[PDB]
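Shown next as structure tokens: one chain only, the form deposited in one PDB entry.
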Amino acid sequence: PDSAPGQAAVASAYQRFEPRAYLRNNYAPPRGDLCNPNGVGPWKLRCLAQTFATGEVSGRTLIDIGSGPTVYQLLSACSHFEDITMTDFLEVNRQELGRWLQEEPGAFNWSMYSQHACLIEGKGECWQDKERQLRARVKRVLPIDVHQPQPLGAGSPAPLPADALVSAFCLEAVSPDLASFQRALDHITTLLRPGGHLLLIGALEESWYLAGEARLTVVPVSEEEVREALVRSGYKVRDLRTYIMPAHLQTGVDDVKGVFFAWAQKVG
């Protein structure tokens, strides 16, 4: 059928996306409490740490798809890639990342996340060093639209194809229905070299979340649907794990039932 209408709806909804509210909702306590090892925060970081610790995900360039105003998803990644590209649809998010990159006081504080990352990586690294290296290795912050066949546009900056892709809470959050999800996945897959790796994190069975005034509509997806999409796009699924959201972390910022983590390798 037609993809344009659904996309138009999504673009419109995101015009009201408030980064600060989003940050507060998902990365300040209770959800941003990294002290309880059973929490979603530590689980996400652990998934990323453990994956990179295999040494099997490495290369020169990495692209983060739909970064929004967050960097946690790159904390463990940055020691394995010399060149990192962050991306987002919204200017306001790219500016938010801009604040952090200039190490401004007005910037969101990720130090709890950096420290926890250092803690679990177990190399005795101090968090200031981890942050310094991430800031060094982020070579650009670019506009992206995953609904386009060329999500970064034509003749874009990013070194293509990338050795690896990271994406957290983007695809299912910007896709009206499963078919759109699949196409978005196909689009970003063109950015990844054959044999390259994708680390995908996302919400399970979620239909809405809040970003301030904006209450955005999300395609609820299951683990099996995520698996099948990955196979459909030419990936071998190396890892796919599920975190079930504890009642006490279900706070009304959304209706998320769980979180998935996928480590997939593009077939080459």
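The first residue of the sequence shown is number 1, and the count goes up from there. For clarity, a rigid core is taken as the largest C-alpha set superposing within 1.5 Å between two forms.
Legend: mean Cα B-factor per stretch from the PDB entry, 100 to 108 versus 69 to 77; the higher mean is in 100 to 108. Higher mean CA temperature factor, per the PDB entry, when comparing 207 to 215 with 37 to 45: 207 to 215. Highest C-alpha temperature factor among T87, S167, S175, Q115 per the entry: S175. Among all modelled residues in its chain, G59 ranks in the middle third by Cα B-factor. Annotation for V231: C-alpha temperature factor in the highest third relative to the rest of the modelled chain, per the entry. Annotation for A158: C-alpha temperature factor in the highest third relative to the rest of the modelled chain, per the entry. In the deposited entry, the Cα temperature factor of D129 sits in the bottom third of values across the chain's modelled residues. Among all modelled residues in its chain, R193 ranks in the highest third by Cα B-factor.
Just so it is clear, the following notes concern the form deposited in another entry, a form of the same protein that is not shown.
Superposing the two forms on their core leaves just one of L48, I65, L62, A211 with a Cα displacement of at least 2 Å between this form and the one not shown, namely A211. Superposition on the rigid core between this form and the one not shown places the CA atom of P246 less than 2 Å from its counterpart.
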